[PDB]
Amino acid sequence: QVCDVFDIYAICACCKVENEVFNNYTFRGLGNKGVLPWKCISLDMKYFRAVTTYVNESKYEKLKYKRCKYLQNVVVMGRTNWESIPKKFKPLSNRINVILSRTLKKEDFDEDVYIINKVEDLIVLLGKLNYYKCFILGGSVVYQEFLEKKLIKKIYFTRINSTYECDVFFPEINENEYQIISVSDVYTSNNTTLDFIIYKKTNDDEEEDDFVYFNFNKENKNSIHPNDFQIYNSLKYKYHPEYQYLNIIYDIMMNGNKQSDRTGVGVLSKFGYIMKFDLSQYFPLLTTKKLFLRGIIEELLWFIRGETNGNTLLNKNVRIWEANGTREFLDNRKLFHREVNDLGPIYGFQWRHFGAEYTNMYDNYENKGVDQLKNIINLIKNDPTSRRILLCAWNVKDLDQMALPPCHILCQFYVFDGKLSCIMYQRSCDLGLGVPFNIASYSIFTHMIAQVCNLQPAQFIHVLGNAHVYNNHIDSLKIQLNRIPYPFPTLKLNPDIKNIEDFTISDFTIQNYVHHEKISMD
Amino acid sequence: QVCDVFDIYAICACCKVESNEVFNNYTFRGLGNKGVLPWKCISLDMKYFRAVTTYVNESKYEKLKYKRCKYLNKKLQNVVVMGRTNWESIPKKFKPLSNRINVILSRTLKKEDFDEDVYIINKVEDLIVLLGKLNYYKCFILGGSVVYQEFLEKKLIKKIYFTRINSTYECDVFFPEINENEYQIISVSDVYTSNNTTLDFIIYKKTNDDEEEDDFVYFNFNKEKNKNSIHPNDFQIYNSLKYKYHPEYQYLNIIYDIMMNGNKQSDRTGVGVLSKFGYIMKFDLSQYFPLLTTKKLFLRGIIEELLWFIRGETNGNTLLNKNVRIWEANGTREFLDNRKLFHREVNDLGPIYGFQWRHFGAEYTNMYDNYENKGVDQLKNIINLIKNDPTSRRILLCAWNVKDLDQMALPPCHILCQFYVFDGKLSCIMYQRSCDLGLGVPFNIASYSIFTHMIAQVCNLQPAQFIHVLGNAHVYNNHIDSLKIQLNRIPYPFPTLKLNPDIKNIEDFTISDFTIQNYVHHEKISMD
Ligand SMILES: NC(=O)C1=CN([C@@H]2O[C@H](COP(=O)(O)OP(=O)(O)OC[C@H]3O[C@@H](n4cnc5c(N)ncnc54)[C@H](OP(=O)(O)O)[C@@H]3O)[C@@H](O)[C@H]2O)C=CC1
Ligand SMILES: NC(=O)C1=CN([C@@H]2O[C@H](COP(=O)(O)OP(=O)(O)OC[C@H]3O[C@@H](n4cnc5c(N)ncnc54)[C@H](OP(=O)(O)O)[C@@H]3O)[C@@H](O)[C@H]2O)C=CC1
Ligand SMILES: CC1(C)N=C(N)N=C(N)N1OCC(=O)Nc1ccc(Cl)cc1
Ligand SMILES: CC1(C)N=C(N)N=C(N)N1OCC(=O)Nc1ccc(Cl)cc1
């Protein structure tokens with residue numbers, strides 16, 4: 001077939017167009033009033049250059065022998081495509097430029113800028129040329145025809161995670177025809193998140209042996225099948241940051257230790273992982289299922305206030321600590337003399353009054369115990385190279401008084417070149433229900449500390465101690481692993497807020513959260 | 001020449017031989033004794049030996065057929081060549097060597113004196129002819145000391161696959177001293193335990209759908225002007241190695257990442273460091289004790305410090321009486337005064353590790369006070385949780401008592417230990433807030449690895465993984481030259497730690513209950 005012999009790849013960038021279900025079709029905005037929908041997106045413009053111009057001559061011979069039996073790249077445009085290009089660069093910095101047109105003759109441009117009559121008249125032009133691969137730069141109509149006639153092999157698709165006004169749309173790529181094989185890292189250019197994905201059409205080596213020898217000792221470990229992680233195992237490059245979470249699910253399903261827990265439900269457990277997310281490039285809110293952030297933002301505002309009063313949350317219908325405050329739960333904790341929803345000296349108490357004697361959840365504790373939250377802020381502002389900027393919730397003295405010991409042991413902060421990174425160490429991590437919320441919680445927190453100290457958020461680093469998947473979560477997570485992440489959304493904080501205690505629920509916006517549908521983890 | 005065409009490799013296994021000791025690669029030279037191997041079974045070596053000497057790649061032969069047939073002007077099995085003593089050492093049940101073309105060098109013996117499917121040769125010359133007239137993938141020289149000596153001398157070996165057996169045995173025959181101009185190490189394996197010895201595997205080398213490979217180059221359009229440009233020529237040895245699988249490279253490779261990508265910051269004193277934030281190292285304590293080999297470390301001091309912790313001591317005088325100076329500088333009049341501890345006795349370090357481990361929440365008075373049944377005895381508690389509720393996810397030991405920070409001589413570097421129990425095996429995560437890669441971390445790895453052993457033993461479990469999480473990971477700028485020397489040293493196989501096994505209680509350990517066996521190490525380095 002033609003499209004494997006000649007190497008015809010499309011290359012596009014699609015934004016979003018003016019509740020809401022998402023799928024790949026979400027991204028389709030191509031152009032508007034003859035120009036791109038967006039002002040300038042220089043990373044995608046840079047990606048464009050690299051992909052179209054790149055050449056590898058050492059693999060061209062293998063192309064030259066197959067192509068005949070039947071150096072630079074070919075780039076195909078349409079008139080309104082060729083036209084919209086600002087003058088001062090045509091032809092495009094050393095590429096074989098080419099235009100599919102009806103009312104243009106090859107006379108009135110160069111002899112390098114080969115015009116074509118119809119789609120069928122391109123195969124003619126290639127068998128007579130010396131080129132690496134063939135990139136359809138496109139236009140609505142150009143893409144429509146080249147796809148309709150199964151001419152395109154791979155598709156270099158840039159997903160622009162922001163909404164614009166559009167007069168022209170990429171066609172609905174048929175998912176039984178084509179399928180995503182690679183997803184890139186997520187990036188911020190020009191005040192939007194984006195990523196780079198790849199649709200394919202469906203069907204010394206001294207040191208290579210030395211590799212095999214070194215593997216001479218390697219070991220259905222857990223009852224988890226091959227055919228079920230199909231989409232997951234059928235991707236080549238999985239560089240989207242959400243794969244950091246998803247790959248831990250995989251490792252614990254594949255290699256996890258079978259264990260009883262207190263409940264009896266059954267878990268697969270491993271011990272010791274890192275996740276790093278770049279807060280300067282995205283907000284890591286998992287896209288492979290719907291997540292809600294009001295509750296966990298109220299939880300955070302509750303901590304910052306120093307509250308241990310489970311009821312302040314329940315009245316706002318944030319039920320994160322409902323189970324941990326019942327008579328039945330406090331009694332099983334031997335807390336027989338503790339009022340319902342009095343969670344004892346937990347996070348907020350420890351952050352604001354570590355070392356103070358806890359009484360009940362209504363006492364006045366002003367200027368009692370160590371106000372760690374205040375202390376790490378001053379340190380961040382006044383001593384940013386300090387290696388002592390920890391917020392610790394694990395107060396050994398008070399553990400038995402807490403409804404439960406803190407799942408999140410401590411935050412450590414780091415400062416370089418007006419940028420703030422944070423490590424949260426989590427002693428116990430429910431990967432299915434908990435961890436996705438936990439990533440979002442401390443990322444927001446990392447932003448909040450960043451803002452009130454006049455620093456840019458850099459890295460949120462999540463250290464997992466006991467990392468467990470509930471046996472009764474495995475079906476749901478199987479469905480989830482075989483979803484492909486979307487580009488992440490962004491967090492906008494109200495910039496007026498300049499002290500850690502002044503954030504209200506209103507001051508938090510999530511933008512461009514493009515997500516798969518909800519999953520009952522149960 | 002002749003070695004590249006016919007792919008003639010050597011494979012051996014060498015132990016240390018009977019002899020303030022200095023160590024080079026000639027440390028590992030002992031090949032056999034009284035006609036046989038110096039050791040009973042080392043199964044992991046024997047299995048490696050089989051994987052390498054029987055592995056062929058069908059698809060790769062075609063190009064080797066071509067290459068070899070070109071030079072001569074013209075199931076798949078490897079050839080294995082052995083001296084007659086070597087051949088006679090093999091038991092009948094394993095002769096001839098399975099799934100391989102056996103060749104034997106000998107003058108005293110001819111075909112007539114062998115029942116077995118074997119080629120006999122009296123000349124090295126005859127082998128090269130034999131190889132010319134045969135279909136094989138790779139030719140491995142199994143040795144005998146004499147066979148090894150002459151195939152080297154004749155510049156015939158492309159690579160030596162070399163097992164360092166990190167134990168000592170009576171030996172009568174030795175591997176030849178390898179000329180370091182002739183052969184350079186290009187690979188070093190993981191370290192392992194088999195039949196009560198550590199070993200690794202190192203490869204000496206001689207000197208003098210391709211559509212989705214393009215997709216990689218694309219997904220790198222946005223990479224590096226690499227921060228601190230320190231010079232290549234400096235890390236020549238470190239970067240030459242193709243496979244760096246020795247667990248010590250976990251430490252070494254962080255030094256490199258900090259040197260090449262570290263952030264420049266001036267610190268608490270007005271000195272100068274390179275820093276990054278957030279690393280993890282994993283060390284399999286069932287397989288080796290990860291005491292670093294690229295420089296000398298003594299453990300007496302850090303074992304005294306750990307016994308001093310477990311006792312709940314805060315008294316610097318106890319360590320100085322044992323000539324352990326680890327805490328001396330944090331105990332001086334000058335230092336306690338600069339921490340505003342004007343009302344604190346010299347060497348009274350206040351409510352630090354020991355105090356927090358046995359008495360967390362008790363009011364610190366002075367280092368002489370009897371704090372019995374005051375504060376939470378964390379150490380006793382976690383020893384009980386590991387014994388009675390092993391799946392508990394709350395087996396943390398914590399030194400970071402927020403309330404007492406200002407009363408300590410300095411806050412703890414080593415913040416907490418979380419423990420994990422599966423199938424009678426104990427693992428330990430240790431979170432370090434501030435890590436001097438240069439002096440501190442080598443010791444910090446040694447301390448918590450010994451601690452995992454101690455807890456594991458007194459709870460009737462086996463040590464599994466010690467996991468080291470680094471927060472602010474930094475290199476002092478005056479350590480840089482010293483660390484360059486160090487990154488160009490090739491690790492040796494790790495030693496082993498023996499705990500006196502009669503100790504059933506965490507408090508009952510004493511210095512003499514601790515034995516490091518087979519520490520093979522490079523030379524002492526002053527980071528200063
Ligand atoms: N999102 C993206 O990745 C990209 C978007 N763009 C945007 O695309 C928009 C323009 O695209 P759309 O309107 O289709 O314009 P096109 O670029 O597809 O141009 C259409 C013209 O190409 C010629 N043509 C198409 N098919 C044939 C054929 N089968 N036989 C002969 N000639 C043919 C005709 O030229 P004639 O005029 O001679 O009839 C036709 O009018 C602009 O807004 C531009 O900014 C451009 C590139 C990439
Ligand atoms: N640790 C390890 O990795 C290894 C250890 N070993 C050990 O080493 C010892 C055996 O080795 P070592 O005694 O050197 O003896 P070798 O195995 O090298 O035997 C040498 C004999 O083989 C013959 N031979 C060697 N070279 C030639 C030649 N060029 N032309 C004709 N014949 C030749 C001669 O046999 P003849 O006497 O018949 O003339 C010679 O006496 C044993 O203890 C064995 O277990 C062996 C291999 C590996
Ligand atoms: C520009 C765009 C949308 N981005 C990607 N990744 N891939 C494409 N095919 N698109 O470009 C085609 C095109 O017309 N490019 C182009 C080249 C130079 C200028 Cl100045 C403007 C548009
Ligand atoms: C087996 C041994 C000692 N290990 C390595 N790495 N390399 C070798 N050359 N050695 O073996 C050579 C030999 O004589 N092998 C042999 C094979 C089977 C038995 Cl049963 C005994 C010895």
# chains A, B, ... in the order shown; residues from 1 in each chain; ligands from 1
$ closest_atom_pairs --of "chain B" --to "chain A" --cutoff "7 Å" --atoms "only C-alpha atoms" --output "JSON lines"
{"residue": "B:48", "atom": "CA", "partner": "A:216", "partner_atom": "CA", "distance": 6.3}
{"residue": "B:51", "atom": "CA", "partner": "A:216", "partner_atom": "CA", "distance": 6.4}
{"residue": "B:52", "atom": "CA", "partner": "A:213", "partner_atom": "CA", "distance": 5.8}
{"residue": "B:189", "atom": "CA", "partner": "A:214", "partner_atom": "CA", "distance": 6.5}
{"residue": "B:218", "atom": "CA", "partner": "A:51", "partner_atom": "CA", "distance": 5.9}
{"residue": "B:219", "atom": "CA", "partner": "A:184", "partner_atom": "CA", "distance": 6.4}
{"residue": "B:221", "atom": "CA", "partner": "A:47", "partner_atom": "CA", "distance": 6.2}
{"residue": "B:267", "atom": "CA", "partner": "A:385", "partner_atom": "CA", "distance": 6.3}
{"residue": "B:360", "atom": "CA", "partner": "A:397", "partner_atom": "CA", "distance": 6.5}
{"residue": "B:361", "atom": "CA", "partner": "A:397", "partner_atom": "CA", "distance": 5.5}
{"residue": "B:376", "atom": "CA", "partner": "A:397", "partner_atom": "CA", "distance": 6.5}
{"residue": "B:391", "atom": "CA", "partner": "A:261", "partner_atom": "CA", "distance": 6.7}
{"residue": "B:393", "atom": "CA", "partner": "A:428", "partner_atom": "CA", "distance": 6.1}
{"residue": "B:401", "atom": "CA", "partner": "A:395", "partner_atom": "CA", "distance": 7.0}
{"residue": "B:402", "atom": "CA", "partner": "A:354", "partner_atom": "CA", "distance": 6.9}
{"residue": "B:403", "atom": "CA", "partner": "A:355", "partner_atom": "CA", "distance": 5.4}
{"residue": "B:433", "atom": "CA", "partner": "A:387", "partner_atom": "CA", "distance": 6.8}
{"residue": "B:434", "atom": "CA", "partner": "A:387", "partner_atom": "CA", "distance": 6.0}
{"residue": "B:472", "atom": "CA", "partner": "A:387", "partner_atom": "CA", "distance": 6.5}
$ residues_around --residues "residue A:331" --least-positions-apart "6" --cutoff "12 Å" --atoms "only C-alpha atoms" --output "VMD selection string"
chain A and resid 324 to 325 337 to 340 401 403
$ atom_distance --atom1 "atom CA of residue B:17" --atom2 "atom 22 (O, counted along the ligand's line) of ligand 2"
23.1 Å
$ residues_near_ligand --ligand "ligand 4" --cutoff "6 Å" --atoms "only C-alpha atoms and all ligand atoms" --output "list in words"
residues 11, 12, 13, 45, 46, 49, 86, 90, 91, 94, 142, 143 and 163 of chain B
$ write_last_selection --atoms "N, CA, C and O atoms" --output "PDB file, in the first residue's frame"
ATOM      1  N   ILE B  11      36.175 -16.407  29.850  1.00  0.00           N
ATOM      2  CA  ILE B  11      35.253 -16.314  31.014  1.00  0.00           C
ATOM      3  C   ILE B  11      35.941 -17.018  32.177  1.00  0.00           C
ATOM      4  O   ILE B  11      36.474 -18.087  31.948  1.00  0.00           O
ATOM      5  N   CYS B  12      36.013 -16.376  33.343  1.00  0.00           N
ATOM      6  CA  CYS B  12      36.685 -16.896  34.560  1.00  0.00           C
ATOM      7  C   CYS B  12      35.904 -16.475  35.805  1.00  0.00           C
ATOM      8  O   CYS B  12      34.938 -15.711  35.694  1.00  0.00           O
ATOM      9  N   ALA B  13      36.302 -17.007  36.952  1.00  0.00           N
ATOM     10  CA  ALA B  13      35.805 -16.638  38.295  1.00  0.00           C
ATOM     11  C   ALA B  13      37.016 -16.622  39.214  1.00  0.00           C
ATOM     12  O   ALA B  13      37.716 -17.639  39.255  1.00  0.00           O
ATOM     13  N   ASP B  45      27.328 -18.040  40.257  1.00  0.00           N
ATOM     14  CA  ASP B  45      28.423 -18.019  39.262  1.00  0.00           C
ATOM     15  C   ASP B  45      28.206 -19.118  38.215  1.00  0.00           C
ATOM     16  O   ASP B  45      28.333 -18.818  37.018  1.00  0.00           O
ATOM     17  N   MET B  46      27.917 -20.349  38.645  1.00  0.00           N
ATOM     18  CA  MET B  46      27.830 -21.540  37.748  1.00  0.00           C
ATOM     19  C   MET B  46      26.726 -21.313  36.716  1.00  0.00           C
ATOM     20  O   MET B  46      26.913 -21.714  35.562  1.00  0.00           O
ATOM     21  N   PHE B  49      27.810 -18.617  34.263  1.00  0.00           N
ATOM     22  CA  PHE B  49      28.737 -19.365  33.390  1.00  0.00           C
ATOM     23  C   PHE B  49      27.950 -20.089  32.278  1.00  0.00           C
ATOM     24  O   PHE B  49      28.395 -20.055  31.113  1.00  0.00           O
ATOM     25  N   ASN B  86      41.628 -28.586  33.204  1.00  0.00           N
ATOM     26  CA  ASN B  86      40.276 -27.989  33.281  1.00  0.00           C
ATOM     27  C   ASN B  86      39.279 -29.113  32.966  1.00  0.00           C
ATOM     28  O   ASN B  86      38.351 -29.345  33.789  1.00  0.00           O
ATOM     29  N   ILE B  90      35.965 -31.636  35.433  1.00  0.00           N
ATOM     30  CA  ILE B  90      34.481 -31.635  35.249  1.00  0.00           C
ATOM     31  C   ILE B  90      33.977 -33.011  35.668  1.00  0.00           C
ATOM     32  O   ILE B  90      34.606 -34.004  35.345  1.00  0.00           O
ATOM     33  N   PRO B  91      32.868 -33.129  36.423  1.00  0.00           N
ATOM     34  CA  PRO B  91      32.287 -34.439  36.719  1.00  0.00           C
ATOM     35  C   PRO B  91      31.662 -35.093  35.482  1.00  0.00           C
ATOM     36  O   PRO B  91      31.171 -34.355  34.661  1.00  0.00           O
ATOM     37  N   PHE B  94      28.290 -34.098  33.683  1.00  0.00           N
ATOM     38  CA  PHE B  94      28.236 -32.780  32.986  1.00  0.00           C
ATOM     39  C   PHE B  94      29.225 -32.704  31.806  1.00  0.00           C
ATOM     40  O   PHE B  94      29.393 -31.607  31.268  1.00  0.00           O
ATOM     41  N   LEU B 142      37.573 -21.299  28.427  1.00  0.00           N
ATOM     42  CA  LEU B 142      37.078 -21.663  29.788  1.00  0.00           C
ATOM     43  C   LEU B 142      38.260 -21.682  30.756  1.00  0.00           C
ATOM     44  O   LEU B 142      38.042 -21.699  31.985  1.00  0.00           O
ATOM     45  N   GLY B 143      39.467 -21.676  30.208  1.00  0.00           N
ATOM     46  CA  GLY B 143      40.709 -21.620  30.984  1.00  0.00           C
ATOM     47  C   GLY B 143      41.245 -22.993  31.345  1.00  0.00           C
ATOM     48  O   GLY B 143      41.224 -23.917  30.518  1.00  0.00           O
ATOM     49  N   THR B 163      34.284 -12.975  37.022  1.00  0.00           N
ATOM     50  CA  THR B 163      33.510 -13.021  38.292  1.00  0.00           C
ATOM     51  C   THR B 163      34.470 -12.685  39.428  1.00  0.00           C
ATOM     52  O   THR B 163      35.498 -13.365  39.539  1.00  0.00           O
TER      53      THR B 163
END
$ closest_atom_pairs --of "chain B" --to "ligand 2" --cutoff "9 Å" --atoms "only C-alpha atoms and all ligand atoms" --output "JSON lines"
{"residue": "B:11", "atom": "CA", "partner": "ligand 2", "partner_atom_place_in_ligand_line": "3 (O)", "distance": 6.8}
{"residue": "B:12", "atom": "CA", "partner": "ligand 2", "partner_atom_place_in_ligand_line": "3 (O)", "distance": 3.4}
{"residue": "B:13", "atom": "CA", "partner": "ligand 2", "partner_atom_place_in_ligand_line": "3 (O)", "distance": 3.7}
{"residue": "B:14", "atom": "CA", "partner": "ligand 2", "partner_atom_place_in_ligand_line": "1 (N)", "distance": 5.2}
{"residue": "B:15", "atom": "CA", "partner": "ligand 2", "partner_atom_place_in_ligand_line": "1 (N)", "distance": 7.8}
{"residue": "B:29", "atom": "CA", "partner": "ligand 2", "partner_atom_place_in_ligand_line": "1 (N)", "distance": 8.4}
{"residue": "B:30", "atom": "CA", "partner": "ligand 2", "partner_atom_place_in_ligand_line": "1 (N)", "distance": 6.5}
{"residue": "B:31", "atom": "CA", "partner": "ligand 2", "partner_atom_place_in_ligand_line": "1 (N)", "distance": 3.3}
{"residue": "B:32", "atom": "CA", "partner": "ligand 2", "partner_atom_place_in_ligand_line": "43 (O)", "distance": 3.6}
{"residue": "B:33", "atom": "CA", "partner": "ligand 2", "partner_atom_place_in_ligand_line": "43 (O)", "distance": 4.8}
{"residue": "B:34", "atom": "CA", "partner": "ligand 2", "partner_atom_place_in_ligand_line": "43 (O)", "distance": 5.9}
{"residue": "B:35", "atom": "CA", "partner": "ligand 2", "partner_atom_place_in_ligand_line": "43 (O)", "distance": 3.9}
{"residue": "B:36", "atom": "CA", "partner": "ligand 2", "partner_atom_place_in_ligand_line": "45 (O)", "distance": 3.6}
{"residue": "B:37", "atom": "CA", "partner": "ligand 2", "partner_atom_place_in_ligand_line": "45 (O)", "distance": 4.2}
{"residue": "B:38", "atom": "CA", "partner": "ligand 2", "partner_atom_place_in_ligand_line": "43 (O)", "distance": 7.3}
{"residue": "B:82", "atom": "CA", "partner": "ligand 2", "partner_atom_place_in_ligand_line": "17 (O)", "distance": 6.0}
{"residue": "B:83", "atom": "CA", "partner": "ligand 2", "partner_atom_place_in_ligand_line": "22 (O)", "distance": 3.5}
{"residue": "B:84", "atom": "CA", "partner": "ligand 2", "partner_atom_place_in_ligand_line": "22 (O)", "distance": 4.0}
{"residue": "B:85", "atom": "CA", "partner": "ligand 2", "partner_atom_place_in_ligand_line": "17 (O)", "distance": 4.1}
{"residue": "B:86", "atom": "CA", "partner": "ligand 2", "partner_atom_place_in_ligand_line": "17 (O)", "distance": 3.7}
{"residue": "B:87", "atom": "CA", "partner": "ligand 2", "partner_atom_place_in_ligand_line": "17 (O)", "distance": 6.8}
{"residue": "B:88", "atom": "CA", "partner": "ligand 2", "partner_atom_place_in_ligand_line": "17 (O)", "distance": 8.3}
{"residue": "B:89", "atom": "CA", "partner": "ligand 2", "partner_atom_place_in_ligand_line": "45 (O)", "distance": 5.5}
{"residue": "B:90", "atom": "CA", "partner": "ligand 2", "partner_atom_place_in_ligand_line": "45 (O)", "distance": 8.0}
{"residue": "B:104", "atom": "CA", "partner": "ligand 2", "partner_atom_place_in_ligand_line": "22 (O)", "distance": 7.4}
{"residue": "B:105", "atom": "CA", "partner": "ligand 2", "partner_atom_place_in_ligand_line": "32 (N)", "distance": 4.4}
{"residue": "B:106", "atom": "CA", "partner": "ligand 2", "partner_atom_place_in_ligand_line": "32 (N)", "distance": 3.4}
{"residue": "B:107", "atom": "CA", "partner": "ligand 2", "partner_atom_place_in_ligand_line": "39 (O)", "distance": 3.7}
{"residue": "B:108", "atom": "CA", "partner": "ligand 2", "partner_atom_place_in_ligand_line": "38 (O)", "distance": 4.1}
{"residue": "B:109", "atom": "CA", "partner": "ligand 2", "partner_atom_place_in_ligand_line": "38 (O)", "distance": 5.4}
{"residue": "B:110", "atom": "CA", "partner": "ligand 2", "partner_atom_place_in_ligand_line": "38 (O)", "distance": 8.8}
{"residue": "B:121", "atom": "CA", "partner": "ligand 2", "partner_atom_place_in_ligand_line": "31 (C)", "distance": 6.7}
{"residue": "B:122", "atom": "CA", "partner": "ligand 2", "partner_atom_place_in_ligand_line": "31 (C)", "distance": 3.8}
{"residue": "B:123", "atom": "CA", "partner": "ligand 2", "partner_atom_place_in_ligand_line": "30 (N)", "distance": 4.4}
{"residue": "B:124", "atom": "CA", "partner": "ligand 2", "partner_atom_place_in_ligand_line": "29 (N)", "distance": 5.1}
{"residue": "B:125", "atom": "CA", "partner": "ligand 2", "partner_atom_place_in_ligand_line": "29 (N)", "distance": 8.4}
{"residue": "B:141", "atom": "CA", "partner": "ligand 2", "partner_atom_place_in_ligand_line": "47 (C)", "distance": 8.7}
{"residue": "B:142", "atom": "CA", "partner": "ligand 2", "partner_atom_place_in_ligand_line": "47 (C)", "distance": 5.4}
{"residue": "B:143", "atom": "CA", "partner": "ligand 2", "partner_atom_place_in_ligand_line": "47 (C)", "distance": 4.2}
{"residue": "B:144", "atom": "CA", "partner": "ligand 2", "partner_atom_place_in_ligand_line": "11 (O)", "distance": 2.9}
{"residue": "B:145", "atom": "CA", "partner": "ligand 2", "partner_atom_place_in_ligand_line": "14 (O)", "distance": 3.3}
{"residue": "B:146", "atom": "CA", "partner": "ligand 2", "partner_atom_place_in_ligand_line": "18 (O)", "distance": 3.8}
{"residue": "B:147", "atom": "CA", "partner": "ligand 2", "partner_atom_place_in_ligand_line": "18 (O)", "distance": 4.2}
{"residue": "B:148", "atom": "CA", "partner": "ligand 2", "partner_atom_place_in_ligand_line": "18 (O)", "distance": 6.8}
{"residue": "B:149", "atom": "CA", "partner": "ligand 2", "partner_atom_place_in_ligand_line": "18 (O)", "distance": 8.2}
{"residue": "B:150", "atom": "CA", "partner": "ligand 2", "partner_atom_place_in_ligand_line": "29 (N)", "distance": 7.1}
{"residue": "B:151", "atom": "CA", "partner": "ligand 2", "partner_atom_place_in_ligand_line": "29 (N)", "distance": 8.7}
{"residue": "B:162", "atom": "CA", "partner": "ligand 2", "partner_atom_place_in_ligand_line": "3 (O)", "distance": 8.0}
{"residue": "B:163", "atom": "CA", "partner": "ligand 2", "partner_atom_place_in_ligand_line": "3 (O)", "distance": 7.8}
{"residue": "B:171", "atom": "CA", "partner": "ligand 2", "partner_atom_place_in_ligand_line": "43 (O)", "distance": 8.3}
{"residue": "B:172", "atom": "CA", "partner": "ligand 2", "partner_atom_place_in_ligand_line": "43 (O)", "distance": 7.6}
{"residue": "B:173", "atom": "CA", "partner": "ligand 2", "partner_atom_place_in_ligand_line": "8 (O)", "distance": 6.1}
{"residue": "B:174", "atom": "CA", "partner": "ligand 2", "partner_atom_place_in_ligand_line": "8 (O)", "distance": 7.7}
{"residue": "B:175", "atom": "CA", "partner": "ligand 2", "partner_atom_place_in_ligand_line": "1 (N)", "distance": 7.8}
$ residues_near_ligand --ligand "ligand 1" --cutoff "9 Å" --atoms "only C-alpha atoms and all ligand atoms" --output "JSON, numbers by chain"
{"A": [11, 12, 13, 14, 15, 28, 29, 30, 31, 32, 33, 34, 35, 36, 37, 77, 78, 79, 80, 81, 82, 83, 84, 85, 99, 100, 101, 102, 103, 104, 116, 117, 118, 119, 120, 136, 137, 138, 139, 140, 141, 142, 143, 144, 145, 146, 157, 158, 166, 167, 168, 169, 170]}
$ atom_distance --atom1 "atom CA of residue B:80" --atom2 "atom CA of residue B:41"
21.1 Å
$ residues_around --residues "residue B:227" --least-positions-apart "3" --cutoff "10 Å" --atoms "only C-alpha atoms" --output "JSON, numbers by chain"
{"B": [224, 230, 259, 260, 261, 262, 263, 264]}
$ closest_residue --among "A:160, A:122, A:129, A:71" --to "ligand 3" --atoms "only C-alpha atoms and all ligand atoms"
A:160
$ residues_around --residues "stretch 407-414 of chain B" --least-positions-apart "5" --cutoff "6 Å" --atoms "only C-alpha atoms" --output "compact mmCIF listing (two decimals) with N, CA, C and O atoms, in the first residue's frame"
# COMPACT_ATOMS: atom_id res chain seq x y z
N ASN B 330 29.47 19.82 67.70
CA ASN B 330 28.11 20.30 68.04
C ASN B 330 27.96 20.40 69.57
O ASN B 330 26.86 20.79 70.00
N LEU B 349 23.91 17.57 74.49
CA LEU B 349 23.44 17.83 73.11
C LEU B 349 21.91 18.02 73.13
O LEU B 349 21.35 18.39 72.09
N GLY B 350 21.29 17.87 74.30
CA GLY B 350 19.86 18.17 74.47
C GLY B 350 19.02 17.05 73.87
O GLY B 350 19.52 15.97 73.62
N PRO B 351 17.72 17.27 73.63
CA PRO B 351 16.80 16.18 73.32
C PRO B 351 16.90 15.74 71.86
O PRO B 351 16.00 16.01 71.11
N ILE B 352 18.00 15.06 71.53
CA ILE B 352 18.31 14.57 70.16
C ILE B 352 17.94 13.09 70.06
O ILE B 352 17.29 12.58 71.01
N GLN B 432 15.84 11.64 54.88
CA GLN B 432 16.96 12.54 55.27
C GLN B 432 16.63 13.95 54.74
O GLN B 432 16.48 14.08 53.55
N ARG B 433 16.48 14.95 55.61
CA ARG B 433 16.09 16.32 55.18
C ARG B 433 17.29 17.01 54.51
O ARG B 433 17.08 17.77 53.53
N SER B 434 18.49 16.78 55.06
CA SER B 434 19.74 17.47 54.66
C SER B 434 20.87 16.45 54.60
O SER B 434 21.16 15.84 55.59
